[PDB]
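Numbering starts at 1 and runs along the sequence shown. When a ligand or atom number is given, it counts from 1 through the structure's own listing order.
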Amino acid sequence: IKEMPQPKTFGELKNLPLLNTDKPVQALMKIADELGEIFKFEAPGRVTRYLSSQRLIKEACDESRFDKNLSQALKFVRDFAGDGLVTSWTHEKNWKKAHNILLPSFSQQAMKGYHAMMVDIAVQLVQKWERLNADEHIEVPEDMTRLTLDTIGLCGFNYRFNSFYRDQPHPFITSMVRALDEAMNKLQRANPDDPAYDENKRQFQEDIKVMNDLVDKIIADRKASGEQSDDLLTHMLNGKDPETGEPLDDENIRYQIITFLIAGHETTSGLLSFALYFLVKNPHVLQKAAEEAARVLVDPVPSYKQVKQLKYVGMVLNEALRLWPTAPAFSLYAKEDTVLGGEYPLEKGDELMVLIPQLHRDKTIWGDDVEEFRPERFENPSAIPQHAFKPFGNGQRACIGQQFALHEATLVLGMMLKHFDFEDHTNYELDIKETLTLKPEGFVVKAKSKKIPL
Ligand SMILES: O=C(CCCCC1CCCCC1)N[C@@H](Cc1ccccc1)C(=O)O
Ligand SMILES: C=Cc1ccccc1
Ligand SMILES: [Cl-]
């Protein structure tokens with residue numbers, strides 16, 4: 001039994017001022033590098049323990065001992081994501097009900113149905129880049145976010161955000177991005193009831209109202225038309241939970257749509273951006289991935305079956321998730337009094353944070369080359385220790401979108417590697433912006449067309 005380390009304190013504010021930064025996850029990674037596999041983090045009226053080693057995280061991933069916790073970040077996001085799948089407690093009726101109803105929508109009949117709409121958006125991205133002039137560059141995270149938002153809009157509720165037709169966001173997205181910014185900014189406020197935050201509070205309620213008004217209109221319009229699209233909204237309007245026999249109510253469907261749009265905007269776009277970053281920084285890996293794309297993608301339009309054959313592209317995506325997991329943390333609570341690692345006694349209700357980027361750098365798991373981008377690490381899942389790789393979280397509360405995201409990302413990256421050569425023309429220095437998620441900021445490349453028709 002030993003005392004865990006704690007980073008530097010600021011009197012009555014304890015550790016809170018350490019998160020007064022635009023890059024708090026990267027700050028917590030530096031603290032983990034200094035203090036090791038576990039540290040205490042205290043703020044006024046709150047304690048969490050940050051875990052970084054596979055040794056402790058394999059225990060934390062035991063669902064008999066620990067359940068998903070809503071981090072303060074998720075509690076603030078719940079003001080607009082409500083009891084949707086990501087901001088619900090496991091014990092809330094609406095978690096298991098929505099999980100049971102939505103699981104068939106997210107399976108590997110389900111990706112075959114979504115494939116054609118994913119191709120529609122992927123083709124828009126390829127045509128955009130084919131149409132750039134010689135002296136122009138690609139803003140990578142910007143274009144990847146246009147793609148992933150458009151894909152979830154089409155697959156979510158048959159709606160075209162038309163992101164490739166715009167410089168300026170759709171009004172829903174203005175409010176969504178501003179609500180996500182307020183939720184994350186609220187984490188670093190020592191005195192949140194200070195009148196200096198009154199405007200922030202008013203704007204937040206306005207953005208919540210905008211998202212609720214616009215999503216509630218989508219649901220009403222669909223019910224009125226009777227239209228039966230192969231989309232998540234149709235599955236949610238028609239689906240019955242096999243346990244209760246009940247469908248979701250319109251309020252919960254609204255929270256699920258808001259949840260899916262947040263995920264679609266924030267997560268897959270980061271993965272694609274980091275994957276292209278690592279490929280241009282590792283030209284031998286880019287060549288091996290481009291050779292696979294050329295051999296497999298023999299038709300103008302990729303098929304579902306061809307995307308499943310892009311094995312090396314899948315490994316590239318897993319190795320990008322290893323080094324920069326775009327959703328970089330998840331939170332757990334102790335279901336009962338328990339001892340972590342034979343060393344750290346926890347009381348029922350005690351909170352843990354899994355620092356996924358630090359887990360993914362455990363040299364006792366990955367070896368001395370842990371900072372190197374080597375997709376071959378993922379050739380054999382049986383050679384990877386248990387709970388070493390957690391970019392989609394854990395257990396029954398793991399990402400329901402994992403297959404959807406990896407299908408979209410594999411399709412798009414395959415088509416990108418088929419259609420273009422890439423140049424890191426600025427020798428880009430990685431700068432990671434933190435919203436809900438991690439994305440390269442300012443990452444630009446030049447694409448040279450291979451002139452292969454669509
Ligand atoms: O670890 C963090 C900061 C990065 C979370 C990032 C996380 C948010 C969900 C999507 C995945 C990434 N926050 C903890 C501790 C805390 C609590 C209150 C005030 C300040 C810090 C929390 O949100 O509980
Ligand atoms: C962890 C991913 C996530 C996805 C949507 C909303 C909040 C969090
Ligand atoms: Cl102090």
Would you indicate which of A183, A73, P24 comes nearest to atom 5 (C) of ligand 1 when only heavy atoms are counted? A73
State whether the side chain of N185 and the backbone N or O of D181 hold a donor-acceptor pair below 3.5 Å, judged by distance alone. yes
Heavy-atom nearest neighbour in the protein, as seen from atom 22 (C) of ligand 1, with distance rounded to 0.1 Å: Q72 N, 3.2 Å
Between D250 and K223, is the closest basic N to carboxylate O distance under 4.0 Å? yes
Measuring from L310:CG to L413:CG, what's the distance to the nearest 0.5 Å? 8.5 Å
Report the part of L436 in contact with ligand 2, treating N, CA, C, O as backbone and CB onward as side chain, heavy atoms under 4.0 Å; options are side chain, backbone, both, neither. side chain
My understanding is that we take every heavy atom of each candidate and find the minimum distance to atom 9 (C) of ligand 1. Doing that for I262, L74, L19, which one comes out nearest? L74
Taking the non-hydrogen atoms of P328, is any one of them nearer than 4.0 angstrom to ligand 1? yes
The reported gap from CG in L85 to NZ in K97 (rounded to nearest 0.5 angstrom) is 12.5 Å
Okay, side chain of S88, backbone of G84: is any donor-acceptor separation there less than 3.5 Å? yes
Between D150 and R146 (salt bridge meaning N to carboxylate O under 4.0 Å), is one present in this structure? no
Closest approach of any protein heavy atom to atom 10 (C) of ligand 1, naming residue and atom: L436 O, 3.8 Å
Could you see which bit of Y50 sits under 4.0 Å from ligand 1, with heavy atoms only: side chain, backbone, both or neither? side chain
Any idea which atoms of ligand 2 are less than 4.0 Å away from a heavy-atom of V86? 3 (C), 5 (C), 6 (C), 7 (C), 8 (C)
Would one find more than 12 heavy atoms of other residues, nucleotides or ligands at under 6.0 Å from atom CD of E429? no
If you measure from each non-hydrogen atom of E351 to ligand 1, which part falls under 4.0 Å: side chain, backbone, both or neither? neither
Give the numbers and elements of all ligand 1 atoms closer than 4.0 Å to a heavy atom of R46. 17 (C), 18 (C), 19 (C)
Think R322 forms a cation-pi with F389, using NZ or CZ under 6.0 Å from the six-ring centre and within 45 degrees of its axis? no
Would you call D369-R377 a salt bridge at under 4.0 Å N-O? yes
Among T87, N69, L18, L187, which one puts a heavy atom closest to atom 19 (C) of ligand 1? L187
Could you tell me which atoms of ligand 1, counted from 1 in the order shown, lie closer than 4.0 angstrom to a heavy atom of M353? 1 (O)
Name the closest protein heavy atom to atom 4 (C) of ligand 1, giving the residue it belongs to and the distance to 0.1 Å. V25 CG2, 4.0 Å
To check your reading of the model: name the closest protein heavy atom to atom 7 (C) of ligand 1, its residue, and the distance in Å. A329 CB, 4.2 Å
